[PDB]
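File shown: data.pdb. Contents: PDB, N, CA and C atoms.
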```pdb
ATOM      1  N   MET A   1      -2.968  74.036   8.592
ATOM      2  CA  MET A   1      -1.740  73.962   7.810
ATOM      3  C   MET A   1      -0.688  74.920   8.358
ATOM      4  N   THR A   2       0.545  74.772   7.883
ATOM      5  CA  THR A   2       1.643  75.623   8.328
ATOM      6  C   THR A   2       2.278  76.359   7.153
ATOM      7  N   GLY A   3       1.549  76.437   6.044
ATOM      8  CA  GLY A   3       2.058  77.115   4.867
ATOM      9  C   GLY A   3       1.233  78.332   4.497
ATOM     10  N   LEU A   4       0.464  78.837   5.455
ATOM     11  CA  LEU A   4      -0.378  80.006   5.224
ATOM     12  C   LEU A   4       0.449  81.287   5.256
ATOM     13  N   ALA A   5       1.352  81.379   6.227
ATOM     14  CA  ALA A   5       2.209  82.551   6.366
ATOM     15  C   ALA A   5       3.672  82.189   6.136
ATOM     16  N   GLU A   6       4.009  80.924   6.368
ATOM     17  CA  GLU A   6       5.377  80.453   6.189
ATOM     18  C   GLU A   6       5.861  80.718   4.766
ATOM     19  N   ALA A   7       5.046  80.332   3.789
ATOM     20  CA  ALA A   7       5.389  80.528   2.386
ATOM     21  C   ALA A   7       5.756  81.981   2.108
ATOM     22  N   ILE A   8       4.933  82.900   2.605
ATOM     23  CA  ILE A   8       5.172  84.324   2.409
ATOM     24  C   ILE A   8       6.390  84.790   3.200
ATOM     25  N   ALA A   9       6.599  84.188   4.366
ATOM     26  CA  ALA A   9       7.729  84.538   5.216
ATOM     27  C   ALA A   9       9.007  83.858   4.736
ATOM     28  N   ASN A  10       8.892  83.079   3.666
ATOM     29  CA  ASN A  10      10.039  82.371   3.108
ATOM     30  C   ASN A  10      10.836  83.277   2.174
ATOM     31  N   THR A  11      10.235  84.399   1.790
ATOM     32  CA  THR A  11      10.888  85.350   0.899
ATOM     33  C   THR A  11      11.164  86.669   1.611
ATOM     34  N   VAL A  12      10.367  86.962   2.634
ATOM     35  CA  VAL A  12      10.526  88.193   3.399
ATOM     36  C   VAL A  12      11.933  88.302   3.978
ATOM     37  N   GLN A  13      12.590  87.158   4.139
ATOM     38  CA  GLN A  13      13.942  87.125   4.684
ATOM     39  C   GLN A  13      14.873  88.032   3.886
ATOM     40  N   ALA A  14      14.707  88.028   2.567
ATOM     41  CA  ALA A  14      15.531  88.850   1.691
ATOM     42  C   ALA A  14      14.728  90.009   1.109
ATOM     43  N   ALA A  15      13.460  89.749   0.805
ATOM     44  CA  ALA A  15      12.585  90.771   0.243
ATOM     45  C   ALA A  15      12.227  91.822   1.288
ATOM     46  N   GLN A  16      11.797  91.363   2.459
ATOM     47  CA  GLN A  16      11.422  92.265   3.541
ATOM     48  C   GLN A  16      10.231  93.130   3.140
ATOM     49  N   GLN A  17       9.306  92.543   2.387
ATOM     50  CA  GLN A  17       8.120  93.261   1.937
ATOM     51  C   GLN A  17       8.501  94.418   1.019
ATOM     52  N   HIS A  18       9.479  94.181   0.150
ATOM     53  CA  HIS A  18       9.937  95.204  -0.783
ATOM     54  C   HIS A  18       9.561  94.840  -2.216
ATOM     55  N   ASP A  19      10.279  93.877  -2.784
ATOM     56  CA  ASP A  19      10.021  93.435  -4.150
ATOM     57  C   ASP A  19       8.571  92.987  -4.311
ATOM     58  N   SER A  20       7.960  92.570  -3.207
ATOM     59  CA  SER A  20       6.576  92.112  -3.227
ATOM     60  C   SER A  20       5.621  93.278  -3.459
ATOM     61  N   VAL A  21       6.023  94.462  -3.011
ATOM     62  CA  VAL A  21       5.205  95.659  -3.170
ATOM     63  C   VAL A  21       5.068  96.039  -4.640
ATOM     64  N   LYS A  22       5.972  95.525  -5.467
ATOM     65  CA  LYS A  22       5.952  95.808  -6.896
ATOM     66  C   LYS A  22       5.463  94.597  -7.684
ATOM     67  N   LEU A  23       5.521  93.426  -7.058
ATOM     68  CA  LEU A  23       5.082  92.193  -7.700
ATOM     69  C   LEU A  23       4.609  91.178  -6.664
ATOM     70  N   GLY A  24       3.301  90.940  -6.630
ATOM     71  CA  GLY A  24       2.745  89.991  -5.685
ATOM     72  C   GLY A  24       1.453  90.482  -5.062
ATOM     73  N   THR A  25       0.393  89.692  -5.199
ATOM     74  CA  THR A  25      -0.907  90.053  -4.650
ATOM     75  C   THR A  25      -1.210  89.256  -3.387
ATOM     76  N   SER A  26      -0.765  88.003  -3.362
ATOM     77  CA  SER A  26      -0.991  87.134  -2.214
ATOM     78  C   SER A  26       0.214  87.144  -1.278
ATOM     79  N   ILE A  27       1.007  88.205  -1.358
ATOM     80  CA  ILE A  27       2.192  88.338  -0.518
ATOM     81  C   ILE A  27       2.174  89.653   0.255
ATOM     82  N   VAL A  28       1.679  90.704  -0.390
ATOM     83  CA  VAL A  28       1.602  92.019   0.236
ATOM     84  C   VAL A  28       0.394  92.118   1.160
ATOM     85  N   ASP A  29      -0.599  91.269   0.918
ATOM     86  CA  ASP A  29      -1.811  91.259   1.730
ATOM     87  C   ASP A  29      -1.804  90.085   2.704
ATOM     88  N   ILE A  30      -0.610  89.603   3.031
ATOM     89  CA  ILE A  30      -0.467  88.482   3.953
ATOM     90  C   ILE A  30       0.501  88.820   5.082
ATOM     91  N   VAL A  31       1.565  89.544   4.745
ATOM     92  CA  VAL A  31       2.565  89.937   5.731
ATOM     93  C   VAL A  31       2.089  91.132   6.550
ATOM     94  N   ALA A  32       1.191  91.920   5.969
ATOM     95  CA  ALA A  32       0.653  93.093   6.646
ATOM     96  C   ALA A  32      -0.835  92.928   6.936
ATOM     97  N   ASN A  33      -1.540  92.268   6.023
ATOM     98  CA  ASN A  33      -2.973  92.043   6.180
ATOM     99  C   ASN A  33      -3.243  90.673   6.795
ATOM    100  N   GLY A  34      -2.817  89.623   6.098
ATOM    101  CA  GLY A  34      -3.022  88.274   6.591
ATOM    102  C   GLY A  34      -2.473  88.077   7.989
ATOM    103  N   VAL A  35      -1.443  88.846   8.332
ATOM    104  CA  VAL A  35      -0.825  88.752   9.650
ATOM    105  C   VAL A  35      -1.814  89.122  10.749
ATOM    106  N   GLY A  36      -2.819  89.915  10.391
ATOM    107  CA  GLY A  36      -3.819  90.329  11.358
ATOM    108  C   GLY A  36      -4.575  89.154  11.949
ATOM    109  N   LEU A  37      -4.493  88.007  11.286
ATOM    110  CA  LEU A  37      -5.177  86.805  11.751
ATOM    111  C   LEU A  37      -4.371  86.108  12.842
ATOM    112  N   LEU A  38      -3.048  86.174  12.727
ATOM    113  CA  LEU A  38      -2.163  85.550  13.705
ATOM    114  C   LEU A  38      -1.792  86.536  14.809
ATOM    115  N   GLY A  39      -1.868  87.826  14.494
ATOM    116  CA  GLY A  39      -1.540  88.848  15.470
ATOM    117  C   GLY A  39      -2.288  88.666  16.776
ATOM    118  N   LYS A  40      -3.543  88.239  16.682
ATOM    119  CA  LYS A  40      -4.370  88.025  17.863
ATOM    120  C   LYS A  40      -4.115  86.646  18.463
ATOM    121  N   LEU A  41      -3.667  85.716  17.627
ATOM    122  CA  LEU A  41      -3.381  84.357  18.075
ATOM    123  C   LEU A  41      -2.093  84.312  18.891
ATOM    124  N   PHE A  42      -1.081  85.039  18.429
ATOM    125  CA  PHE A  42       0.204  85.083  19.117
ATOM    126  C   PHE A  42       0.397  86.422  19.822
ATOM    127  N   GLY A  43       0.513  87.487  19.037
ATOM    128  CA  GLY A  43       0.702  88.810  19.603
ATOM    129  C   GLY A  43       1.266  89.796  18.600
ATOM    130  N   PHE A  44       1.933  89.277  17.574
ATOM    131  CA  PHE A  44       2.526  90.121  16.542
ATOM    132  C   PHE A  44       1.801  89.943  15.212
TER     133      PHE A  44
END
```
What's the structure tokens form of this structure?
Amino acid sequence: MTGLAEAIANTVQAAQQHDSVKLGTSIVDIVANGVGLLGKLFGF
């Protein structure tokens, strides 16, 4: 699928991992944690 990180990256544009730090469990552990899965696939 293409909605594993896209969905979370759909708010980071304005949130930038900010508002999520105060509200969101499947968002704060995806942009910093979940990203660890793609980091090796791509590089970041």
Inset, instruction - Rounded to one decimal place, report the atom CA of residue A:44-atom C of residue A:22 distance in Å. - result: 24.8 Å
Inset, instruction - State, in Å with one decimal place, the distance from atom CA of residue A:42 to atom CA of residue A:24. - result: 25.4 Å
Legend entry - atom N of residue A:7 to atom C of residue A:30, distance in Å rounded to a single decimal: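 According to the coordinates, atom N of residue A:7 and atom C of residue A:30 are separated by 9.7 Å.
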Inset, instruction - May I have the residues within 12 Å of residue A:9 as a ChimeraX atom specification, using only C-alpha atoms and disregarding those fewer than 2 positions away in the same chain? - result: /A:2-7,11-17,20,26-28,30-32,34-35
Inset, instruction - as an NGL selection string, list the residues of chain A assigned to helix (DSSP H, G or I) by DSSP on the backbone atoms of this structure. - result: :A and (6-9 or 12-15 or 19-22 or 30-39)
